[PDB]
Structure formats: C-alpha cells, structure tokens
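Take a look at this single chain in structure tokens; it is the form deposited in one PDB entry.
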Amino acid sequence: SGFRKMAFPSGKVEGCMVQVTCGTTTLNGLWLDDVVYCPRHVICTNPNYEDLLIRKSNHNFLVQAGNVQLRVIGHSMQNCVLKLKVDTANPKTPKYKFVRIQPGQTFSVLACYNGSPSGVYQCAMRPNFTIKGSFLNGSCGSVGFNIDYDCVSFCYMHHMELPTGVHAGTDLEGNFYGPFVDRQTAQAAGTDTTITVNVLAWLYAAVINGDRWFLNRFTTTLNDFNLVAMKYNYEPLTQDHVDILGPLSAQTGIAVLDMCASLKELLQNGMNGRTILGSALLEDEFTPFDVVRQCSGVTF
C-alpha cells in the first residue's frame, strides 16, 4: 500500500553526465557513445548561433567526466542542442533512444550541477509545455528520461527558467517544448490547464488505496463533463483517455464517466476539509500508467 511520487532509478543516466565549460559558462552535458549533448547557449558570447560557433575551436570546449577529461574532436549543432564529438565512447552508455513526449506525460529529471548528479524527481510536461521542476544556476543540461525494461528514453534537456519560476527545455534533438527560444528576451509561460486524465488516474489510485469518500452513485456523459471541464480550466477528456483508463475502471468497478461524476462534484463542491492520498488539492502529475506501474510493482 501507499502511493508516492516516484522517479525511475537514475543509475543508468548518472553514468552519462559530464561537465562542459566554454569561456565563462559551465553546465551539464550528456555523454552517449562518442558524443556529448548540451544546450547551444553554452556557446561563448540576439545571438546568431551558427555565426558564433564558427569562431569556436574544439579545444575551447572543456569536457570532464569526473576527474577524467574528454578530448573534443569536433562539434556540430542540431536545433538548440550542441553536439561535441569526443575521442572516447562512453563505456557506461546504456541502451537508449531519443523520444519526444506529449503534454500530460511524465518523466524523471536528474538535476545536475558541474556534471555531478544531485537529485532526482518526477515531473509532468504541462499543457503549456513547461515543467514545475527545481533548478538553480548551473542546472542547464540536466536531462529527463523514462525507462522501459533496460532502455532509457531521453525526452528532455533543461535550458532556462521562466519569470514565474517554471522551467522550459528541449527534446534531445534540440526542439523546444512550447513557444520558447534560447535567448534573452521577454518570455512567459502561457496560462496552464489541469491534466484531466491524470486527475482521474490519481482518483483510481486513491480508491485502490482505500480512499473512497468522493465516490457517488452518479455517472455523466463525455459531453456534459467536458463542459464542466472547460469551465474549470481542465483539459478536455477524449474517448482515447477513457480507453486508457479502461484497466483501472475494470479493477475498481468505477467506470470513467462514473468517476467523472465524482470529479465534477469535487470541482463544484470542493473537498470539504477532506483529503485524497494526503493532498488537499487534485493532483494531475500521475499518468494512468504511473498508477498501474506503482500499484502492480514493475521493475528495472
């Protein structure tokens, strides 16, 4: 029993983190095979990054894997990520893929400083394409990932903090999540919305763990609920979301539209001094799979 915000074991990624220093800036890079990936804004000196990089020589890039130093033998740019070719293939390179995640999906973040891992936590790609992480100066290049079996799927590289304190980054191919640029300009997180399918998944997690007070005899329609959803700044619930929740509906005897009626009442009446899984708010950073994985016991 118990339900907790749980990150993937980070060992396979710790062995890939390195420190990258160009000019005055130091941040983190990801060492896979014979390439180090890091944010292109490490580029020394409204920037024209292709033009700034030609001035740079391989030996301007200091790369350290612990005490050991890696020799840069080439450099290239892919969107907002810089790729440093090094002389040595990382002997601890895991089986891995680069993937791009969708809003509402979760991943583990390995927060790093000076190439040394310092913490791991779970976070969701918000509908406004930010994440609510915990990053200080020097965390740029920290990465986000999921693990399926022995395969690490890298999905996020951290680039910047926005004025509201939330965070923005790219996939490992250098494409930003959301309408952001890697520049000193005026940028702001858009208005956010609540990830409806994830709230429902969390209510099923609560039921599985004995928290049942919010259940009621009623059910609703997808059309009726989604009108309540938009009213409360909740993402629309689609039939595909209903399908994904199928497993949990079968396991608990609570149909999704049966649970939507519960969520409707919670949105309209509050929780009246009660809590669900130790929270006084509705939590939307657990996916249906996160709830199945943790209420069943998958391992890596």
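Throughout, we count residues from 1 along the sequence that is shown.
The form solved in complex with a partner chain exists for this protein as well; it is not shown, and the discussion that follows is about that form.
Of the candidates 44, 35, 257, 266, 44 is the one whose heavy atoms come within 4.5 Å of the partner chain in the deposited complex; the others do not. Among the residues 151, 77, 181, 99, the one placing a heavy atom within 4.5 Å of the partner chain in the deposited complex is 181. Using a 4.5 Å cutoff between non-hydrogen atoms, residue 136 counts as a contact of the partner chain in the deposited complex. Although the partner is absent from this view, residue 190 stays clear of the partner chain in the deposited complex, with no non-hydrogen atom inside 4.5 angstroms. By the criterion of a heavy atom within 4.5 Å, residue 262 is excluded from the residues contacting the partner chain in the deposited complex.
Taking the partner from the other structure, the partner chain in the deposited complex has a heavy atom within 4.5 Å of a heavy atom of residue 185. You can rule out all but one of 69-77, 226-234, 158-166, 83-91: in the deposited complex, only 158-166 has residues with a heavy atom within 4.5 Å of the partner chain.
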